[PDB]
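Take a look at the structure below.
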Amino acid sequence: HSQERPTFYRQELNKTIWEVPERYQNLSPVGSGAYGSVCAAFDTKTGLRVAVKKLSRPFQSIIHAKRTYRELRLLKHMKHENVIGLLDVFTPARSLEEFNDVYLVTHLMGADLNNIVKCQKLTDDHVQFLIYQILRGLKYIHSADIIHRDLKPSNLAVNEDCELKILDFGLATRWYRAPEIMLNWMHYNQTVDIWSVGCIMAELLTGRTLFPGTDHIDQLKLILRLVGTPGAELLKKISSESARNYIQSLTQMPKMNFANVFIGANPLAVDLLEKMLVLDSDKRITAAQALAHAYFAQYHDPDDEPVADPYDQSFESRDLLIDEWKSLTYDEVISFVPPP
Ligand SMILES: C[S@@](=O)c1ccc(-c2nc(-c3ccc(F)cc3)c(-c3ccncc3)[nH]2)cc1
Ligand SMILES: CCCCCCCCO[C@@H]1O[C@H](CO)[C@@H](O)[C@H](O)[C@H]1O
């Protein structure tokens, strides 16, 4: 109605003074790093357990300030059940002149896909549900012209109703990366993330990491052994002469028979894996196409797989001063409207 600034309180946490609205109670540290620090809390207003992140050094430099702005813009835009979103953002500052600290609030997440899966085979029905949610989230992320680029089990939050959210941080590190990402290709397709989904899905089905490379080259050797050496269609799109001549020099390997590799799996799962784990990124199934695949028939609802509002990322190409990034960040804090 009902206008005021909330009443704040102060408490010493993770070696600094935290100043938060009184709705957030029982702060308990959960982690600290270069980035800032996170406390778990109880939001008495919503009845939700939340995580409150206080950014470290948000405006220390142009690059810090642009990163802070980027993070707030992204979190503000992401409004989807299977993607991290923003419950609240606040500052104790009462003016731009006072503005120094940024706090971000989201649902408390205590378990990632590894924490829940624990290296065991999941049932096919359970794999359908988890992969469906990842693809549902990716459809939304991709529709905002965003590519995750490092999707992996540690970036997937899952609760005890195995409801899943895609994150861009963690609560082995390269095993799920697209081969073009490990070769610093640039010009990435959104299907870089589909490769990662194939890697994750394979592992949930078999209980084994698909490409557990020891290092960069080994990872690539494991990939080529499964999917085969590049065909002529792929080779004609490689602009680098050294890349082409190295690839041609490799002994021709056929794509393995996925039906035999994943013997025992639902043949629809095998079919989907064959469509995700394709070396040529142009020939990989998209998130929207994958959601329509027969494997997900029990979960697919074409009227409840939403896309994002257009996401203005023009700021990415701007070179601005610190105070400008800071003011733009301040604007976004003030304009925040919580979800219903
Ligand atoms: C860069 S790495 O050190 C790093 C690790 C974790 C985090 C990190 N950021 C958050 C986090 C918290 C609130 C937000 F609004 C947004 C992100 C969490 C979080 C969210 C929910 N439950 C538990 C923890 N973890 C950030 C950076
Ligand atoms: C020997 C290992 C070869 C790896 C080949 C990876 C091929 C990835 O696929 C390529 O991705 C590019 C986007 O990044 C596109 O521009 C290309 O058209 C596409 O073919």
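Every chain in the structure tokens takes a letter, A first, then B, and so on in the order presented; its residues are numbered from 1, and the ligands are numbered from 1 following the presented order.
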
Within 10 Å of ligand 2, counting only C-alpha atoms and all ligand atoms: which residues, as a ChimeraX atom specification?
/A:178-192,217,220-221,223-224,228-231,233-239,243-244,246-248,250,278-284

Dump N, CA and C atoms for the selected residues as a short mmCIF file (atom, residue, chain, number, x, y, z; two decimals), in the first residue's frame?
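File produced: result-v3.cif:
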```cif
data_model
loop_
_atom_site.label_atom_id
_atom_site.label_comp_id
_atom_site.auth_asym_id
_atom_site.auth_seq_id
_atom_site.Cartn_x
_atom_site.Cartn_y
_atom_site.Cartn_z
N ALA A 178 31.21 -29.50 -24.66
CA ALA A 178 31.15 -29.77 -26.08
C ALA A 178 32.56 -29.78 -26.65
N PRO A 179 32.83 -30.69 -27.61
CA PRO A 179 34.17 -30.77 -28.17
C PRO A 179 34.65 -29.45 -28.79
N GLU A 180 33.75 -28.71 -29.43
CA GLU A 180 34.13 -27.40 -29.98
C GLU A 180 34.52 -26.38 -28.90
N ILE A 181 33.95 -26.52 -27.70
CA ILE A 181 34.29 -25.68 -26.54
C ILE A 181 35.69 -26.01 -26.04
N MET A 182 36.04 -27.29 -26.01
CA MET A 182 37.39 -27.69 -25.63
C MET A 182 38.45 -27.39 -26.68
N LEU A 183 38.01 -27.13 -27.91
CA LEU A 183 38.93 -26.72 -28.95
C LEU A 183 38.90 -25.22 -29.25
N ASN A 184 38.24 -24.45 -28.38
CA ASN A 184 38.22 -22.98 -28.49
C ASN A 184 37.79 -22.56 -29.90
N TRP A 185 36.68 -23.12 -30.35
CA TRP A 185 36.21 -22.88 -31.71
C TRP A 185 35.72 -21.46 -31.94
N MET A 186 35.10 -20.89 -30.91
CA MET A 186 34.18 -19.75 -31.04
C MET A 186 33.01 -20.05 -32.00
N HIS A 187 32.23 -19.02 -32.34
CA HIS A 187 31.07 -19.22 -33.23
C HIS A 187 30.13 -20.30 -32.68
N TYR A 188 30.01 -20.37 -31.37
CA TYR A 188 29.26 -21.49 -30.77
C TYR A 188 27.78 -21.50 -31.14
N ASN A 189 27.25 -22.71 -31.34
CA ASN A 189 25.81 -22.95 -31.45
C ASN A 189 25.24 -23.25 -30.06
N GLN A 190 23.95 -22.99 -29.89
CA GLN A 190 23.28 -23.31 -28.63
C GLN A 190 23.34 -24.80 -28.32
N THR A 191 23.45 -25.62 -29.37
CA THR A 191 23.61 -27.04 -29.18
C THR A 191 24.91 -27.47 -28.51
N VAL A 192 25.79 -26.53 -28.17
CA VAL A 192 26.90 -26.89 -27.28
C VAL A 192 26.31 -27.47 -25.99
N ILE A 217 43.47 -33.81 -24.47
CA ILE A 217 43.55 -34.68 -25.63
C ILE A 217 42.85 -36.02 -25.40
N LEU A 220 39.20 -35.77 -25.87
CA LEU A 220 38.86 -35.78 -27.28
C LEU A 220 39.01 -37.16 -27.92
N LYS A 221 40.04 -37.92 -27.53
CA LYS A 221 40.18 -39.30 -28.00
C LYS A 221 38.96 -40.16 -27.61
N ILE A 223 35.92 -39.10 -27.01
CA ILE A 223 34.82 -38.64 -27.83
C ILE A 223 34.85 -39.22 -29.25
N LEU A 224 36.00 -39.14 -29.91
CA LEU A 224 36.09 -39.63 -31.28
C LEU A 224 35.87 -41.13 -31.38
N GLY A 228 32.89 -41.44 -33.73
CA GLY A 228 33.64 -41.57 -34.99
C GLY A 228 34.42 -40.32 -35.35
N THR A 229 35.38 -40.49 -36.25
CA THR A 229 36.13 -39.36 -36.78
C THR A 229 35.23 -38.53 -37.71
N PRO A 230 35.50 -37.21 -37.83
CA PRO A 230 34.71 -36.30 -38.66
C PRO A 230 34.49 -36.77 -40.09
N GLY A 231 33.23 -36.69 -40.55
CA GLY A 231 32.91 -36.99 -41.94
C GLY A 231 33.19 -35.82 -42.87
N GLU A 233 31.20 -33.89 -44.67
CA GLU A 233 30.31 -32.74 -44.46
C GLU A 233 30.83 -31.83 -43.34
N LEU A 234 31.29 -32.43 -42.25
CA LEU A 234 31.87 -31.63 -41.17
C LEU A 234 33.20 -30.98 -41.59
N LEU A 235 34.05 -31.73 -42.28
CA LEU A 235 35.38 -31.25 -42.66
C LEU A 235 35.30 -30.03 -43.57
N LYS A 236 34.26 -29.95 -44.39
CA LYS A 236 34.13 -28.79 -45.30
C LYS A 236 33.78 -27.46 -44.59
N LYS A 237 33.36 -27.53 -43.34
CA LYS A 237 33.06 -26.33 -42.56
C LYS A 237 34.21 -25.86 -41.66
N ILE A 238 35.38 -26.50 -41.76
CA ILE A 238 36.52 -26.18 -40.90
C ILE A 238 37.42 -25.21 -41.65
N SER A 239 37.50 -23.97 -41.17
CA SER A 239 38.23 -22.92 -41.88
C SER A 239 39.74 -22.99 -41.64
N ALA A 243 43.79 -27.58 -38.53
CA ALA A 243 42.76 -28.43 -37.98
C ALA A 243 42.33 -29.47 -39.02
N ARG A 244 42.13 -29.05 -40.27
CA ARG A 244 41.71 -29.99 -41.32
C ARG A 244 42.74 -31.07 -41.58
N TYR A 246 45.26 -32.13 -39.64
CA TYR A 246 45.33 -33.04 -38.50
C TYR A 246 44.18 -34.06 -38.51
N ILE A 247 42.95 -33.58 -38.71
CA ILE A 247 41.78 -34.47 -38.69
C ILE A 247 41.86 -35.54 -39.79
N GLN A 248 42.23 -35.13 -41.00
CA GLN A 248 42.41 -36.07 -42.12
C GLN A 248 43.48 -37.12 -41.81
N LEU A 250 44.05 -38.59 -39.04
CA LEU A 250 43.57 -39.60 -38.10
C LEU A 250 43.04 -40.83 -38.83
N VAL A 278 26.30 -35.78 -31.45
CA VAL A 278 26.72 -35.69 -32.84
C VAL A 278 27.85 -34.68 -32.86
N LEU A 279 28.95 -35.03 -33.53
CA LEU A 279 30.13 -34.18 -33.51
C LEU A 279 29.83 -32.82 -34.12
N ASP A 280 29.17 -32.83 -35.28
CA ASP A 280 28.76 -31.60 -35.97
C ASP A 280 27.63 -30.88 -35.21
N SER A 281 27.90 -29.69 -34.65
CA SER A 281 26.90 -29.02 -33.81
C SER A 281 25.66 -28.60 -34.58
N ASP A 282 25.80 -28.42 -35.89
CA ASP A 282 24.67 -28.09 -36.75
C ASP A 282 23.69 -29.22 -36.91
N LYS A 283 24.10 -30.44 -36.60
CA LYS A 283 23.23 -31.59 -36.80
C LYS A 283 22.69 -32.16 -35.47
N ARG A 284 22.97 -31.47 -34.37
CA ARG A 284 22.45 -31.88 -33.07
C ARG A 284 21.03 -31.40 -32.95
#
```

Let me see if you get this right: every residue at most 8 Å from ligand 1, counting only C-alpha atoms and all ligand atoms, written as a ChimeraX atom specification.
/A:30-40,50-53,75,84-89,103-110,169-171

Can you pull out every residue within 12 Å of residue 286 (chain A), counting only C-alpha atoms, but drop anything in the same chain fewer than 6 positions away, and send it as a ChimeraX atom specification?
/A:135-136,138-140,142-143,189-195,197-198,272,275-278,292-293

If you keep C-alpha atoms, can you produce a file of those selected residues as a PDB file, in the first residue's frame?
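Ended up saving to again_28.pdb:
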```
ATOM      1  CA  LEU A 135      15.653 -29.506 -21.724  1.00  0.00           C
ATOM      2  CA  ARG A 136      12.623 -27.454 -20.596  1.00  0.00           C
ATOM      3  CA  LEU A 138      17.413 -24.979 -21.820  1.00  0.00           C
ATOM      4  CA  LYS A 139      14.591 -24.194 -24.232  1.00  0.00           C
ATOM      5  CA  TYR A 140      13.860 -21.119 -22.117  1.00  0.00           C
ATOM      6  CA  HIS A 142      18.209 -20.581 -25.426  1.00  0.00           C
ATOM      7  CA  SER A 143      15.110 -18.561 -26.352  1.00  0.00           C
ATOM      8  CA  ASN A 189      25.812 -22.950 -31.453  1.00  0.00           C
ATOM      9  CA  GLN A 190      23.282 -23.310 -28.627  1.00  0.00           C
ATOM     10  CA  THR A 191      23.607 -27.043 -29.181  1.00  0.00           C
ATOM     11  CA  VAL A 192      26.902 -26.894 -27.285  1.00  0.00           C
ATOM     12  CA  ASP A 193      24.532 -27.344 -24.314  1.00  0.00           C
ATOM     13  CA  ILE A 194      22.776 -30.292 -25.985  1.00  0.00           C
ATOM     14  CA  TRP A 195      26.109 -32.173 -26.099  1.00  0.00           C
ATOM     15  CA  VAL A 197      22.763 -32.979 -21.892  1.00  0.00           C
ATOM     16  CA  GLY A 198      23.752 -36.138 -23.835  1.00  0.00           C
ATOM     17  CA  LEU A 272      17.728 -39.402 -28.393  1.00  0.00           C
ATOM     18  CA  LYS A 275      20.666 -37.186 -31.861  1.00  0.00           C
ATOM     19  CA  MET A 276      22.418 -35.233 -29.104  1.00  0.00           C
ATOM     20  CA  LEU A 277      25.933 -36.709 -29.272  1.00  0.00           C
ATOM     21  CA  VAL A 278      26.719 -35.691 -32.845  1.00  0.00           C
ATOM     22  CA  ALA A 292       8.911 -33.232 -28.756  1.00  0.00           C
ATOM     23  CA  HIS A 293      10.839 -36.539 -29.040  1.00  0.00           C
TER      24      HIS A 293
END
```

Enter the distance from CA of residue 209 (chain A) to CA of residue 273 (chain A), in Å, rounded to one decimal.
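Going from CA of residue 209 (chain A) over to CA of residue 273 (chain A) covers 14.2 Å.
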
So which residues touch residue 264 (chain A) within 12 Å, counting only C-alpha atoms, skipping near sequence neighbours fewer than 6 positions away, as a list in words?
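Once the nearby chain positions are removed, what remains is residues 121, 123, 124, 205, 206, 258 and 270 of chain A.
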
For the selection you just gave me, I'd like the residues written to a file as a short mmCIF file (atom, residue, chain, number, x, y, z; two decimals), in the first residue's frame, keeping N, CA and C atoms.
```
data_model
loop_
_atom_site.label_atom_id
_atom_site.label_comp_id
_atom_site.auth_asym_id
_atom_site.auth_seq_id
_atom_site.Cartn_x
_atom_site.Cartn_y
_atom_site.Cartn_z
N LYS A 121 22.89 -46.06 -11.34
CA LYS A 121 21.99 -46.02 -12.46
C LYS A 121 20.64 -45.56 -11.91
N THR A 123 16.43 -45.28 -12.88
CA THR A 123 15.45 -45.93 -13.74
C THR A 123 15.21 -45.05 -14.97
N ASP A 124 14.74 -45.67 -16.03
CA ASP A 124 14.43 -44.93 -17.24
C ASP A 124 13.37 -43.86 -16.99
N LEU A 205 21.83 -43.01 -17.08
CA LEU A 205 21.35 -44.32 -17.51
C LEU A 205 22.28 -45.47 -17.14
N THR A 206 23.59 -45.24 -17.27
CA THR A 206 24.58 -46.30 -17.14
C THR A 206 25.28 -46.30 -15.79
N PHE A 258 25.34 -47.26 -31.02
CA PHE A 258 24.83 -46.81 -29.72
C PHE A 258 23.91 -47.85 -29.09
N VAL A 270 18.15 -44.35 -26.40
CA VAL A 270 19.29 -44.53 -27.30
C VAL A 270 19.15 -43.60 -28.52
#
```

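Coordinates place CA of residue 6 (chain A) at a distance of 17.8 Å from CA of residue 100 (chain A).
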
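Considering only region 7-87 of chain A, backbone DSSP assigns alpha helix (DSSP H) to residues 62, 63, 64, 65, 66, 67, 68, 69, 70, 71, 72, 73, 74, 75, 76 and 77 of chain A.
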
Export, as a PDB file, in the first residue's frame, the selected residues with N, CA, C and O atoms.
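Here's the written file out14.pdb:
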```
ATOM      1  N   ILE A  62      35.973  -1.429 -13.515  1.00  0.00           N
ATOM      2  CA  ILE A  62      35.035  -1.518 -14.634  1.00  0.00           C
ATOM      3  C   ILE A  62      34.546  -2.945 -14.881  1.00  0.00           C
ATOM      4  O   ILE A  62      33.340  -3.179 -15.027  1.00  0.00           O
ATOM      5  N   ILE A  63      35.472  -3.908 -14.899  1.00  0.00           N
ATOM      6  CA  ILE A  63      35.147  -5.297 -15.140  1.00  0.00           C
ATOM      7  C   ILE A  63      34.288  -5.892 -14.030  1.00  0.00           C
ATOM      8  O   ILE A  63      33.353  -6.588 -14.331  1.00  0.00           O
ATOM      9  N   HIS A  64      34.608  -5.591 -12.768  1.00  0.00           N
ATOM     10  CA  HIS A  64      33.753  -6.014 -11.647  1.00  0.00           C
ATOM     11  C   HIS A  64      32.338  -5.456 -11.825  1.00  0.00           C
ATOM     12  O   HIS A  64      31.362  -6.156 -11.602  1.00  0.00           O
ATOM     13  N   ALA A  65      32.259  -4.176 -12.172  1.00  0.00           N
ATOM     14  CA  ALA A  65      30.982  -3.457 -12.214  1.00  0.00           C
ATOM     15  C   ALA A  65      30.120  -3.998 -13.340  1.00  0.00           C
ATOM     16  O   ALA A  65      28.914  -4.191 -13.165  1.00  0.00           O
ATOM     17  N   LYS A  66      30.734  -4.249 -14.491  1.00  0.00           N
ATOM     18  CA  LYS A  66      30.021  -4.854 -15.607  1.00  0.00           C
ATOM     19  C   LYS A  66      29.572  -6.270 -15.292  1.00  0.00           C
ATOM     20  O   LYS A  66      28.501  -6.674 -15.721  1.00  0.00           O
ATOM     21  N   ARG A  67      30.392  -7.022 -14.549  1.00  0.00           N
ATOM     22  CA  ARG A  67      30.020  -8.358 -14.129  1.00  0.00           C
ATOM     23  C   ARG A  67      28.845  -8.357 -13.165  1.00  0.00           C
ATOM     24  O   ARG A  67      27.960  -9.198 -13.267  1.00  0.00           O
ATOM     25  N   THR A  68      28.848  -7.408 -12.247  1.00  0.00           N
ATOM     26  CA  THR A  68      27.762  -7.228 -11.279  1.00  0.00           C
ATOM     27  C   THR A  68      26.468  -6.905 -12.034  1.00  0.00           C
ATOM     28  O   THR A  68      25.423  -7.498 -11.782  1.00  0.00           O
ATOM     29  N   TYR A  69      26.558  -5.966 -12.977  1.00  0.00           N
ATOM     30  CA  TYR A  69      25.393  -5.593 -13.787  1.00  0.00           C
ATOM     31  C   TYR A  69      24.863  -6.788 -14.597  1.00  0.00           C
ATOM     32  O   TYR A  69      23.658  -7.056 -14.646  1.00  0.00           O
ATOM     33  N   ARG A  70      25.782  -7.531 -15.214  1.00  0.00           N
ATOM     34  CA  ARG A  70      25.453  -8.722 -16.004  1.00  0.00           C
ATOM     35  C   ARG A  70      24.684  -9.749 -15.164  1.00  0.00           C
ATOM     36  O   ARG A  70      23.693 -10.322 -15.601  1.00  0.00           O
ATOM     37  N   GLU A  71      25.175  -9.973 -13.956  1.00  0.00           N
ATOM     38  CA  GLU A  71      24.604 -10.993 -13.075  1.00  0.00           C
ATOM     39  C   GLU A  71      23.202 -10.558 -12.660  1.00  0.00           C
ATOM     40  O   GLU A  71      22.274 -11.350 -12.672  1.00  0.00           O
ATOM     41  N   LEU A  72      23.047  -9.288 -12.313  1.00  0.00           N
ATOM     42  CA  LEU A  72      21.730  -8.797 -11.888  1.00  0.00           C
ATOM     43  C   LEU A  72      20.766  -8.810 -13.055  1.00  0.00           C
ATOM     44  O   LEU A  72      19.617  -9.258 -12.897  1.00  0.00           O
ATOM     45  N   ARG A  73      21.201  -8.339 -14.227  1.00  0.00           N
ATOM     46  CA  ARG A  73      20.325  -8.390 -15.414  1.00  0.00           C
ATOM     47  C   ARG A  73      19.861  -9.817 -15.710  1.00  0.00           C
ATOM     48  O   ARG A  73      18.682 -10.048 -15.965  1.00  0.00           O
ATOM     49  N   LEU A  74      20.779 -10.779 -15.668  1.00  0.00           N
ATOM     50  CA  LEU A  74      20.450 -12.171 -15.985  1.00  0.00           C
ATOM     51  C   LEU A  74      19.472 -12.743 -14.977  1.00  0.00           C
ATOM     52  O   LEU A  74      18.450 -13.325 -15.359  1.00  0.00           O
ATOM     53  N   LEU A  75      19.768 -12.576 -13.693  1.00  0.00           N
ATOM     54  CA  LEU A  75      18.889 -13.099 -12.644  1.00  0.00           C
ATOM     55  C   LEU A  75      17.503 -12.459 -12.704  1.00  0.00           C
ATOM     56  O   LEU A  75      16.497 -13.144 -12.502  1.00  0.00           O
ATOM     57  N   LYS A  76      17.447 -11.165 -13.022  1.00  0.00           N
ATOM     58  CA  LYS A  76      16.148 -10.482 -13.157  1.00  0.00           C
ATOM     59  C   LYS A  76      15.335 -10.996 -14.327  1.00  0.00           C
ATOM     60  O   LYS A  76      14.106 -11.011 -14.254  1.00  0.00           O
ATOM     61  N   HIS A  77      16.008 -11.430 -15.387  1.00  0.00           N
ATOM     62  CA  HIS A  77      15.306 -11.853 -16.601  1.00  0.00           C
ATOM     63  C   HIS A  77      14.790 -13.284 -16.496  1.00  0.00           C
ATOM     64  O   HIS A  77      13.723 -13.602 -17.055  1.00  0.00           O
TER      65      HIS A  77
END
```

Contact residues around residue 305 (chain A) with only C-alpha atoms at 12 Å, ignoring same-chain residues under 3 positions, as JSON, numbers by chain
{"A": [80, 81, 82, 132, 133, 134, 135, 136, 137, 138, 139, 140, 141, 143, 287, 288, 289, 290, 291, 292, 299, 300, 301, 302, 308]}

Length of the CA of residue 144 (chain A) to CA of residue 326 (chain A) vector [Å]:
24.1 Å

Residue nearest residue 267 (chain A) - candidates A:295, A:24, A:211, A:330, atoms counted: only C-alpha atoms:
A:295

So that I can see what lies close to region 150-157 of chain A, please list as an MDAnalysis selection string the residues with an atom at most 7 Å from it, counting only C-alpha atoms and leaving out residues fewer than 4 positions away in the same chain.
chainID A and resid 109 111:114 164:171 176:177 193 196

DSSP strand (DSSP E) selection over region 24-229 of chain A, as a ChimeraX atom specification
/A:24-33,36-43,48-55,88-90,103-107,156-158,164-166

Using only C-alpha atoms, determine which residues lie at most 10 Å from residue 212 (chain A), disregarding the query and same-chain residues fewer than 6 positions distant; provide the list as number ranges by chain.
A: 172-176, 218-219, 222-223
